[PDB]
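Undergrad: Have a peek at input.cif (mmCIF, C-alpha atoms).
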```cif
data_run
loop_
_atom_site.label_atom_id
_atom_site.label_comp_id
_atom_site.auth_asym_id
_atom_site.auth_seq_id
_atom_site.Cartn_x
_atom_site.Cartn_y
_atom_site.Cartn_z
CA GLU Y 2 -121.77 -2.52 72.43
CA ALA Y 3 -124.32 0.21 73.01
CA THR Y 4 -123.50 2.69 75.77
CA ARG Y 5 -125.10 1.42 78.93
CA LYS Y 6 -127.87 3.61 80.28
CA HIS Y 7 -126.38 3.49 83.75
CA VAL Y 8 -123.03 4.76 82.50
CA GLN Y 9 -124.85 7.83 81.20
CA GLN Y 10 -126.63 8.32 84.55
CA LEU Y 11 -123.33 8.05 86.41
CA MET Y 12 -121.68 10.56 84.07
CA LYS Y 13 -124.66 12.88 84.42
CA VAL Y 14 -123.97 13.19 88.16
CA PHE Y 15 -120.31 13.85 87.47
CA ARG Y 16 -121.14 16.48 84.82
CA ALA Y 17 -123.07 18.46 87.46
CA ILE Y 18 -120.13 18.21 89.86
CA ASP Y 19 -117.70 19.44 87.21
CA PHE Y 20 -120.17 22.29 86.60
CA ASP Y 21 -120.24 22.94 90.38
CA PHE Y 22 -116.49 23.47 90.21
CA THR Y 23 -117.04 25.76 87.21
CA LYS Y 24 -119.51 27.89 89.17
CA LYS Y 25 -116.97 28.17 91.99
CA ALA Y 26 -114.33 29.34 89.49
CA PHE Y 27 -116.82 31.94 88.25
CA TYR Y 28 -117.20 33.14 91.86
CA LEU Y 29 -113.43 33.63 92.11
CA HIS Y 30 -113.33 35.52 88.83
CA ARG Y 31 -116.08 37.91 89.93
CA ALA Y 32 -114.33 38.46 93.27
CA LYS Y 33 -110.99 39.23 91.61
CA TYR Y 34 -112.44 41.69 89.13
CA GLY Y 35 -114.49 43.25 91.90
CA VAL Y 36 -111.20 44.11 93.60
CA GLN Y 37 -109.73 45.48 90.35
CA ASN Y 38 -112.73 47.64 89.45
CA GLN Y 39 -113.99 49.04 92.78
CA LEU Y 40 -110.72 49.22 94.66
CA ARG Y 41 -107.45 48.92 92.74
CA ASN Y 42 -108.34 51.25 89.88
CA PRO Y 43 -109.73 54.23 91.85
CA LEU Y 44 -106.79 53.96 94.27
CA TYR Y 45 -104.40 53.97 91.33
CA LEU Y 46 -105.96 57.33 90.44
CA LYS Y 47 -105.27 58.77 93.88
CA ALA Y 48 -101.68 57.55 93.81
CA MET Y 49 -100.73 59.21 90.53
CA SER Y 50 -102.19 62.56 91.59
CA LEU Y 51 -99.98 62.95 94.66
CA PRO Y 52 -97.02 65.21 95.48
CA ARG Y 53 -93.55 63.78 94.89
CA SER Y 54 -93.02 64.35 98.62
CA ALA Y 55 -95.83 62.29 100.10
CA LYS Y 56 -95.38 59.33 102.45
CA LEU Y 57 -97.85 56.45 102.35
CA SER Y 58 -99.53 55.17 105.50
CA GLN Y 59 -98.76 51.48 105.63
CA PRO Y 60 -101.18 50.96 108.57
CA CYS Y 61 -103.74 52.10 105.98
CA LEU Y 62 -102.62 49.55 103.39
CA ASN Y 63 -102.68 46.93 106.15
CA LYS Y 64 -106.27 47.79 107.12
CA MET Y 65 -107.22 47.60 103.41
CA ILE Y 66 -105.68 44.14 102.89
CA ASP Y 67 -107.39 42.64 105.91
CA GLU Y 68 -110.62 44.41 104.93
CA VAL Y 69 -110.28 42.92 101.44
CA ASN Y 70 -110.07 39.48 103.08
CA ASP Y 71 -113.15 39.90 105.24
CA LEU Y 72 -115.29 41.24 102.40
CA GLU Y 73 -114.25 38.32 100.18
CA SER Y 74 -114.91 35.73 102.92
CA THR Y 75 -118.37 37.23 103.41
CA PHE Y 76 -118.97 37.11 99.65
CA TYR Y 77 -118.11 33.38 99.53
CA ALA Y 78 -120.37 32.74 102.52
CA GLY Y 79 -123.26 34.45 100.75
CA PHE Y 80 -122.55 32.51 97.56
CA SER Y 81 -122.41 29.19 99.42
CA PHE Y 82 -123.51 27.96 102.83
CA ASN Y 83 -125.13 31.23 103.96
CA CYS Y 84 -127.52 31.58 100.99
CA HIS Y 85 -130.79 32.20 102.82
CA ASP Y 86 -133.19 30.38 100.47
CA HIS Y 87 -131.61 29.10 97.25
CA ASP Y 88 -129.73 26.18 95.76
CA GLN Y 89 -126.08 25.78 96.77
CA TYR Y 90 -124.03 27.79 94.25
CA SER Y 91 -126.75 29.36 92.08
CA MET Y 92 -126.59 32.54 90.04
CA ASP Y 93 -129.39 33.64 92.35
CA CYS Y 94 -127.04 33.43 95.34
CA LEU Y 95 -124.53 35.56 93.43
CA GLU Y 96 -127.27 38.09 92.63
CA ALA Y 97 -127.77 38.66 96.37
CA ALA Y 98 -124.18 38.61 97.68
CA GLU Y 99 -122.22 40.32 94.92
CA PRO Y 100 -123.71 43.85 95.22
CA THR Y 101 -123.08 43.84 98.99
CA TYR Y 102 -119.46 42.84 98.25
CA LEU Y 103 -118.96 45.44 95.51
CA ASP Y 104 -120.56 48.13 97.67
CA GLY Y 105 -118.17 46.99 100.41
CA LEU Y 106 -115.10 47.44 98.23
CA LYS Y 107 -116.46 50.80 97.07
CA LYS Y 108 -116.78 52.09 100.62
CA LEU Y 109 -113.35 50.61 101.35
CA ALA Y 110 -111.77 52.43 98.41
CA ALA Y 111 -113.07 55.70 99.88
CA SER Y 112 -111.79 55.24 103.44
CA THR Y 113 -108.49 53.93 102.06
CA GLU Y 114 -108.17 57.09 99.98
CA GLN Y 115 -108.63 59.17 103.14
CA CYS Y 116 -105.89 57.44 105.19
CA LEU Y 117 -103.50 56.86 102.27
CA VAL Y 118 -101.13 59.81 102.79
CA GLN Y 119 -98.91 60.07 105.88
CA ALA E 3 -93.40 62.08 87.93
CA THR E 4 -94.60 59.96 90.88
CA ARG E 5 -93.66 56.45 89.79
CA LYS E 6 -92.91 55.69 93.46
CA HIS E 7 -96.39 55.65 94.99
CA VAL E 8 -97.79 53.67 92.04
CA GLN E 9 -95.19 50.90 92.19
CA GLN E 10 -95.80 50.74 95.94
CA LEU E 11 -99.54 50.27 95.41
CA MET E 12 -98.98 47.66 92.70
CA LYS E 13 -97.01 45.54 95.17
CA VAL E 14 -100.08 45.26 97.41
CA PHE E 15 -102.46 44.57 94.54
CA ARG E 16 -100.05 42.11 92.94
CA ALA E 17 -100.25 40.03 96.13
CA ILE E 18 -104.04 40.09 96.21
CA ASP E 19 -103.99 38.93 92.59
CA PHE E 20 -101.68 36.03 93.44
CA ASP E 21 -103.95 35.24 96.39
CA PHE E 22 -106.71 34.74 93.88
CA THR E 23 -104.39 32.52 91.86
CA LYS E 24 -103.61 30.45 94.99
CA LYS E 25 -107.36 30.06 95.54
CA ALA E 26 -107.73 28.95 91.89
CA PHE E 27 -104.92 26.43 92.29
CA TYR E 28 -106.72 25.09 95.36
CA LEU E 29 -109.89 24.70 93.30
CA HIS E 30 -108.08 22.78 90.55
CA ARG E 31 -106.55 20.48 93.21
CA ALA E 32 -110.00 19.85 94.66
CA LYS E 33 -111.31 19.17 91.15
CA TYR E 34 -108.60 16.68 90.28
CA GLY E 35 -109.24 15.16 93.69
CA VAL E 36 -112.80 14.27 92.72
CA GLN E 37 -111.72 12.98 89.28
CA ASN E 38 -108.94 10.73 90.61
CA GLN E 39 -110.34 9.36 93.89
CA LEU E 40 -114.06 9.30 93.08
CA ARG E 41 -114.92 9.61 89.37
CA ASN E 42 -112.36 7.32 87.72
CA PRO E 43 -112.82 4.47 90.25
CA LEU E 44 -116.60 4.63 90.06
CA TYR E 45 -116.52 4.47 86.26
CA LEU E 46 -114.59 1.19 86.35
CA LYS E 47 -116.97 -0.14 89.01
CA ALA E 48 -119.87 0.70 86.71
CA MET E 49 -118.41 -0.93 83.58
CA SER E 50 -118.12 -4.18 85.58
CA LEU E 51 -121.81 -4.20 86.46
CA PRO E 52 -124.32 -6.32 84.56
CA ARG E 53 -125.53 -4.45 81.49
CA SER E 54 -129.14 -4.36 82.79
CA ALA E 55 -128.14 -2.82 86.14
CA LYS E 56 -130.19 0.18 87.26
CA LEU E 57 -128.64 2.79 89.55
CA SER E 58 -129.92 3.94 92.91
CA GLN E 59 -130.60 7.67 92.68
CA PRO E 60 -130.54 8.16 96.50
CA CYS E 61 -127.04 6.69 96.42
CA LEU E 62 -125.96 9.23 93.82
CA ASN E 63 -127.46 12.10 95.80
CA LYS E 64 -125.63 11.03 98.95
CA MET E 65 -122.49 11.17 96.80
CA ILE E 66 -123.06 14.75 95.61
CA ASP E 67 -123.88 16.03 99.08
CA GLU E 68 -120.80 14.34 100.50
CA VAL E 69 -118.58 15.82 97.76
CA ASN E 70 -119.75 19.31 98.75
CA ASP E 71 -119.29 18.66 102.49
CA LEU E 72 -115.79 17.27 101.84
CA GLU E 73 -114.81 20.20 99.66
CA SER E 74 -116.33 22.70 102.10
CA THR E 75 -114.07 21.11 104.72
CA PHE E 76 -110.98 21.14 102.47
CA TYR E 77 -111.36 24.87 101.75
CA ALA E 78 -111.84 25.67 105.45
CA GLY E 79 -108.63 23.73 106.05
CA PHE E 80 -107.09 25.89 103.33
CA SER E 81 -108.15 29.12 105.07
CA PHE E 82 -109.80 29.97 108.40
CA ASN E 83 -109.28 26.51 109.95
CA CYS E 84 -105.56 26.40 109.20
CA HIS E 85 -104.37 28.44 112.22
CA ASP E 86 -100.78 27.13 112.09
CA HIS E 87 -99.84 28.91 108.84
CA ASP E 88 -100.94 31.89 106.78
CA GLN E 89 -104.36 32.00 105.32
CA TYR E 90 -103.96 30.38 101.87
CA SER E 91 -100.45 28.94 101.79
CA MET E 92 -99.22 25.71 100.28
CA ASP E 93 -98.64 24.59 103.86
CA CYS E 94 -102.32 24.97 104.70
CA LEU E 95 -103.02 23.06 101.48
CA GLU E 96 -100.62 20.21 102.19
CA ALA E 97 -102.08 19.79 105.68
CA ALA E 98 -105.73 19.40 104.69
CA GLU E 99 -105.52 17.74 101.26
CA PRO E 100 -104.71 14.18 102.39
CA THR E 101 -107.78 14.26 104.64
CA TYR E 102 -109.81 15.38 101.64
CA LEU E 103 -108.34 12.73 99.36
CA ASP E 104 -108.82 10.12 102.12
CA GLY E 105 -112.44 11.22 102.52
CA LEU E 106 -113.15 10.96 98.79
CA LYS E 107 -111.68 7.44 98.58
CA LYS E 108 -113.88 6.49 101.50
CA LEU E 109 -116.90 7.90 99.65
CA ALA E 110 -115.80 5.97 96.55
CA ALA E 111 -116.26 2.79 98.56
CA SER E 112 -119.49 3.67 100.40
CA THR E 113 -121.04 4.64 97.04
CA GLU E 114 -119.91 1.32 95.50
CA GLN E 115 -121.88 -0.65 98.10
CA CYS E 116 -125.03 1.39 97.34
CA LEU E 117 -124.52 2.09 93.62
CA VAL E 118 -126.67 -0.79 92.31
CA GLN E 119 -130.29 -0.81 93.45
CA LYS E 120 -130.84 -4.48 94.19
#
```
Here is the file; what I need is its structure written in the form of structure tokens.

TA:
Amino acid sequence: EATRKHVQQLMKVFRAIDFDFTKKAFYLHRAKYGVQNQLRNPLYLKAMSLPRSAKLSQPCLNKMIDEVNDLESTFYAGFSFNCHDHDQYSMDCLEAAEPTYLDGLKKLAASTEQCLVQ
Amino acid sequence: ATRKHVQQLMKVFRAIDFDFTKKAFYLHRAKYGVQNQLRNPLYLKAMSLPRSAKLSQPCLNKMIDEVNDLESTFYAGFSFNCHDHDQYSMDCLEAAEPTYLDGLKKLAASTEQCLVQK
């Protein structure tokens, strides 16, 4: 029996939902590699060029972690429900929210560098 | 020479990595939620329709919107609306996921009553 037209229309709606989940997984991937590139890697540089007798400020690592969380929450809000004038999870929402997030991690990597030793 | 500070920084960035993996596991659970409670039942419902049956597009749109609202609410329950446990734990997951599954199975039934345009 030929594939019913309405089966194809039903599956069309579910394709777009599956793709919605894909777009969300792309968001996560960008957010993770944002952290690696703007934050982890430059701070790995600072750590290796340090005197054997240096103590690390864990209040500073604590501020960084919670500041990672707030930047990432704000990135997901920009990608999703807080996208000022775009479809739900578009690439156009990412284009607006990602630079803010990466510039946030960049600034955070600088202030973390400054409080790292003590 | 200074293996100590580097290992100490990796510990913090290891955890952020795993946090991203917990968020990806959430997303897979939400995906297989839609497949099991919504997609698979609605496909059976459709193959039992008369072959001529035409679908109601407004019904399908109500279904996509409600999937996003339900998943928006699941993720909130996974994070900032958890309160009683830490921000992306399995505990937060296990508390909010039945409500999400229950909501999808409800939407599987409300969509069935409107699926055919008669």

Undergrad: Counting all atoms listed in the file, collect the residues of chain E whose closest atom lies at most 7 Å from chain Y, and write them out as a PDB file with C-alpha atoms, in the coordinates of the input.

TA:
```pdb
ATOM      1  CA  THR E   4     -94.600  59.960  90.880  1.00  0.00           C
ATOM      2  CA  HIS E   7     -96.390  55.650  94.990  1.00  0.00           C
ATOM      3  CA  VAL E   8     -97.790  53.670  92.040  1.00  0.00           C
ATOM      4  CA  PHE E  15    -102.460  44.570  94.540  1.00  0.00           C
ATOM      5  CA  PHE E  22    -106.710  34.740  93.880  1.00  0.00           C
ATOM      6  CA  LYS E  33    -111.310  19.170  91.150  1.00  0.00           C
ATOM      7  CA  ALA E  48    -119.870   0.700  86.710  1.00  0.00           C
ATOM      8  CA  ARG E  53    -125.530  -4.450  81.490  1.00  0.00           C
ATOM      9  CA  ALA E  55    -128.140  -2.820  86.140  1.00  0.00           C
ATOM     10  CA  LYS E  56    -130.190   0.180  87.260  1.00  0.00           C
ATOM     11  CA  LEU E  57    -128.640   2.790  89.550  1.00  0.00           C
TER      12      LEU E  57
END
```

Undergrad: Once the PyMOL selection byres ((chain Y and resi 71) around 12) has been evaluated on this model, what residues remain selected, and can you format them as a list in words?

TA: residues 64, 65, 66, 67, 68, 69, 70, 72, 73, 74, 75, 76, 77, 78, 102, 105, 106 and 109 of chain Y; 81, 82 and 89 of chain E

Undergrad: Let me know the centre plus edge lengths, in Å and rounded to one decimal, of a box with edges along x, y and z that contains all listed atoms of range 105-117 of chain Y and is padded by 8 Å on every side, as lines of an AutoDock Vina configuration file.

TA:
```
center_x = -110.8
center_y = 53.1
center_z = 101.1
size_x = 30.7
size_y = 28.2
size_z = 24.1
```

Undergrad: Starting from the displayed file, determine the output of the PyMOL selection byres ((chain E and resi 23-29) around 9) and express the residue list as a list in words.

TA: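 Taken on the displayed file, the PyMOL selection byres ((chain E and resi 23-29) around 9) yields the residues residues 22, 25, 26 and 29 of chain Y; 18, 19, 20, 21, 22, 30, 31, 32, 33, 34, 77, 80, 90, 91, 92 and 95 of chain E.
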
Undergrad: Using all atoms listed in the file, which residues sit within 6 Å of residue 58 in chain E once same-chain residues fewer than 4 positions away are excluded, as a list in words?

TA: residues 117, 118 and 119 of chain E

Undergrad: Between CA of residue 83 in chain Y and CA of residue 27 in chain Y, what is the spacing in Å?

TA: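 CA of residue 83 in chain Y lies at a distance of 17.8 Å from CA of residue 27 in chain Y.
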
Undergrad: Can you tell me how far CA of residue 107 in chain Y sits from CA of residue 39 in chain Y, in Å to one decimal?

TA: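 Separation of CA of residue 107 in chain Y and CA of residue 39 in chain Y: 5.3 Å.
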
Undergrad: When you draw a straight line from CA of residue 65 in chain E to CA of residue 111 in chain E, how long is it in Å?

TA: 10.6 Å

Undergrad: So which one's closest to residue 9 in chain Y, E:93, E:61, E:88, E:49? Using only C-alpha atoms, please.

TA: E:49

Undergrad: Hey, which of Y:113, Y:101, Y:58, Y:91 ends up closest to residue 43 in chain Y? Count all atoms listed in the file.

TA: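 Once distances to residue 43 in chain Y are computed over all atoms listed in the file, the minimum belongs to Y:113.
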
Undergrad: Could you expand the PyMOL selection byres ((chain E and resi 99) around 9) into the explicit residues it covers here, written as an MDAnalysis selection string?

TA: chainID E and resid 31:32 35 76 79:80 94:98 100:104

Undergrad: Of the candidates E:13, E:107, E:85, E:41, which shows the shortest atom-to-atom distance to residue 62 in chain E, using all atoms listed in the file?

TA: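 Using all atoms listed in the file, residue 62 in chain E sits closest to E:41.
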
Undergrad: Go through E:17, E:66, E:46, E:72 one by one, measure the shortest atom-to-atom distance of each to residue 105 in chain E using all atoms listed in the file, and give the residue with the smallest value.

TA: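 Looking only at the distances to residue 105 in chain E, the closest residue turns out to be E:72.
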
Undergrad: With N, CA, C and O atoms as the target, complete range 69-94 of chain E and hand it back as a short mmCIF file (atom, residue, chain, number, x, y, z; two decimals), keeping the file's coordinate frame.

TA:
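For reference, part_5.cif as written:
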```cif
data_model
loop_
_atom_site.label_atom_id
_atom_site.label_comp_id
_atom_site.auth_asym_id
_atom_site.auth_seq_id
_atom_site.Cartn_x
_atom_site.Cartn_y
_atom_site.Cartn_z
N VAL E 69 -119.62 15.06 98.45
CA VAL E 69 -118.58 15.82 97.76
C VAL E 69 -118.56 17.27 98.22
O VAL E 69 -117.49 17.84 98.45
N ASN E 70 -119.73 17.90 98.35
CA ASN E 70 -119.75 19.31 98.75
C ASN E 70 -119.27 19.48 100.19
O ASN E 70 -118.44 20.34 100.49
N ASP E 71 -119.75 18.63 101.10
CA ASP E 71 -119.29 18.66 102.49
C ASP E 71 -117.78 18.45 102.58
O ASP E 71 -117.09 19.17 103.31
N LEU E 72 -117.23 17.50 101.81
CA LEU E 72 -115.79 17.27 101.84
C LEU E 72 -115.03 18.45 101.30
O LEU E 72 -113.97 18.81 101.82
N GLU E 73 -115.53 19.07 100.22
CA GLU E 73 -114.81 20.20 99.66
C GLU E 73 -114.99 21.45 100.53
O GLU E 73 -114.07 22.26 100.64
N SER E 74 -116.17 21.63 101.11
CA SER E 74 -116.33 22.70 102.10
C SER E 74 -115.30 22.56 103.22
O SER E 74 -114.74 23.56 103.70
N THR E 75 -115.01 21.33 103.62
CA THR E 75 -114.07 21.11 104.72
C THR E 75 -112.62 21.29 104.27
O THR E 75 -111.80 21.80 105.03
N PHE E 76 -112.31 20.90 103.03
CA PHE E 76 -110.98 21.14 102.47
C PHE E 76 -110.68 22.64 102.43
O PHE E 76 -109.60 23.08 102.86
N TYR E 77 -111.61 23.44 101.90
CA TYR E 77 -111.36 24.87 101.75
C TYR E 77 -111.20 25.55 103.11
O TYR E 77 -110.31 26.39 103.29
N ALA E 78 -112.04 25.18 104.08
CA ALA E 78 -111.84 25.67 105.45
C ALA E 78 -110.44 25.34 105.94
O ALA E 78 -109.76 26.18 106.53
N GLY E 79 -109.98 24.12 105.67
CA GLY E 79 -108.63 23.73 106.05
C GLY E 79 -107.57 24.50 105.29
O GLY E 79 -106.42 24.60 105.73
N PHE E 80 -107.95 25.04 104.14
CA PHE E 80 -107.09 25.89 103.33
C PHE E 80 -107.03 27.31 103.89
O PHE E 80 -106.04 28.02 103.66
N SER E 81 -108.05 27.74 104.63
CA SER E 81 -108.15 29.12 105.07
C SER E 81 -108.35 29.27 106.58
O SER E 81 -107.39 29.15 107.35
N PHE E 82 -109.59 29.52 107.03
CA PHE E 82 -109.80 29.97 108.40
C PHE E 82 -109.58 28.88 109.43
O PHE E 82 -109.45 29.19 110.62
N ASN E 83 -109.54 27.61 109.03
CA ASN E 83 -109.28 26.51 109.95
C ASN E 83 -107.83 26.05 109.90
O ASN E 83 -107.50 25.01 110.46
N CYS E 84 -106.96 26.81 109.24
CA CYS E 84 -105.56 26.40 109.20
C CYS E 84 -104.84 26.72 110.50
O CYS E 84 -104.22 25.85 111.11
N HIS E 85 -104.91 27.99 110.93
CA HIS E 85 -104.37 28.44 112.22
C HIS E 85 -102.84 28.47 112.24
O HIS E 85 -102.23 29.51 112.53
N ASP E 86 -102.21 27.33 111.92
CA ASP E 86 -100.78 27.13 112.09
C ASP E 86 -99.94 27.75 110.98
O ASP E 86 -98.72 27.87 111.16
N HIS E 87 -100.54 28.14 109.86
CA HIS E 87 -99.84 28.91 108.84
C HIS E 87 -100.77 29.98 108.27
O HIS E 87 -101.94 30.07 108.64
N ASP E 88 -100.22 30.76 107.35
CA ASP E 88 -100.94 31.89 106.78
C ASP E 88 -102.04 31.43 105.83
O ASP E 88 -102.03 30.33 105.30
N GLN E 89 -102.97 32.35 105.56
CA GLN E 89 -104.36 32.00 105.32
C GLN E 89 -104.60 31.20 104.04
O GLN E 89 -105.68 30.62 103.90
N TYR E 90 -103.67 31.15 103.09
CA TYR E 90 -103.96 30.38 101.87
C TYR E 90 -102.69 29.78 101.30
O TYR E 90 -102.52 29.68 100.08
N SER E 91 -101.77 29.39 102.18
CA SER E 91 -100.45 28.94 101.79
C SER E 91 -100.48 27.49 101.30
O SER E 91 -101.45 26.75 101.50
N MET E 92 -99.39 27.10 100.66
CA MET E 92 -99.22 25.71 100.28
C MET E 92 -99.21 24.82 101.50
O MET E 92 -99.71 23.69 101.45
N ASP E 93 -98.66 25.33 102.61
CA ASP E 93 -98.64 24.59 103.86
C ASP E 93 -100.05 24.26 104.34
O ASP E 93 -100.34 23.12 104.69
N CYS E 94 -100.93 25.26 104.37
CA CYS E 94 -102.32 24.97 104.70
C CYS E 94 -102.89 23.92 103.76
O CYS E 94 -103.59 23.00 104.19
#
```
